[PDB]
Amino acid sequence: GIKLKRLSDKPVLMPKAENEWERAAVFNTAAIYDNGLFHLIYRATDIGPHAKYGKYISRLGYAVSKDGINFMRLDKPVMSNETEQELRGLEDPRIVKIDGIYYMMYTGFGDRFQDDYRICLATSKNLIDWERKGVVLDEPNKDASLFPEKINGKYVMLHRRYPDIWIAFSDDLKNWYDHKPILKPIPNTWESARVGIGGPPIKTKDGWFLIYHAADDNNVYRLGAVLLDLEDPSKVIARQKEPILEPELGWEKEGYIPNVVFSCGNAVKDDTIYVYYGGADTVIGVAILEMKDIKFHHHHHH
């Protein structure tokens, strides 16, 4: 089946003690290949990302690489906690580029009352200067992204009304309609508790290739793969039974949150997918998948 291949046993990005905003953890990064470079917009916290460590604030960093392994990083966050909806910061960004514009969906965590987090949108032409567009869906939700192109003249988003992956459609990026669930947890498996997107889906000749995450009943996080129909991505063509990535290395199994691999970004250079993922909500790693290796079992049964 499909399995992501780690390039080494070492993270590609680690917290940096010198800078308070990224002193504890860097994880769950957006990623895109553009103009001959890999770019990360990474989630960073000052404190370990759980209440037992403290009142962490998530901010978004920028890193850049020629090879997708060795990164340079900017000294200050490119987005910081600047609104009420973002009092506790910005989480788990997903980025696509459409017609010259980068569209980032992230979760603004306000923590002012129960379930005070929202999918928010920001745009950029350059990945450094971000313009907030505000809340996308006025409801507790997260794990959101646009598709990287319009389909049938509409913007399409993925979201996560608990505990399923949902899709929705928009003409104007402000009003969303035709909400429906497209992927659900499966009882008594590695993907029983909840599912959500990983990074944004990638267009393939055979359909939309979507990496997803799931948690089991022991709260272990793994990645999986699903293929969606090109014209109607609400239709699942295939869903791989087995995970494509699971916690194996020491820094995936242990850290601020044990036994987590979690992706918000998949960059493509020359038909190789570079899947960036958080390990234990502490560091960032990379694992690859060649596009020619995207193969699902063909079957037909109700």
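One-based numbering along the sequence shown.
Look at the C-alpha B-factors of 232-240 and of 250-258. On average they run higher in 232-240.
Per the PDB record, of the two stretches 35-43 and 49-57, 49-57 carries the greater mean B-factor over its C-alpha atoms. Across 222, 180, 142, 94, the greatest Cα temperature factor reported in the deposited entry is at 180.
Residues shown: 113, 147, 130, 190. Highest C-alpha temperature factor in the entry: 113. Compared with the other modelled residues of the chain, the Cα B-factor recorded for residue 71 ranks in the lowest third. Ranked against the other modelled residues of its chain, the C-alpha B-factor of residue 218 as given in the entry falls in the highest third.
Per the deposited record, the Cα B-factor of residue 123 falls in the lowest third when ranked against the other modelled residues of its chain.
Ranked within its chain, residue 227 lands in the highest third, by CA B factor from the PDB record. When the modelled residues of the chain are ordered by C-alpha B-factor, residue 81 sits in the highest third.
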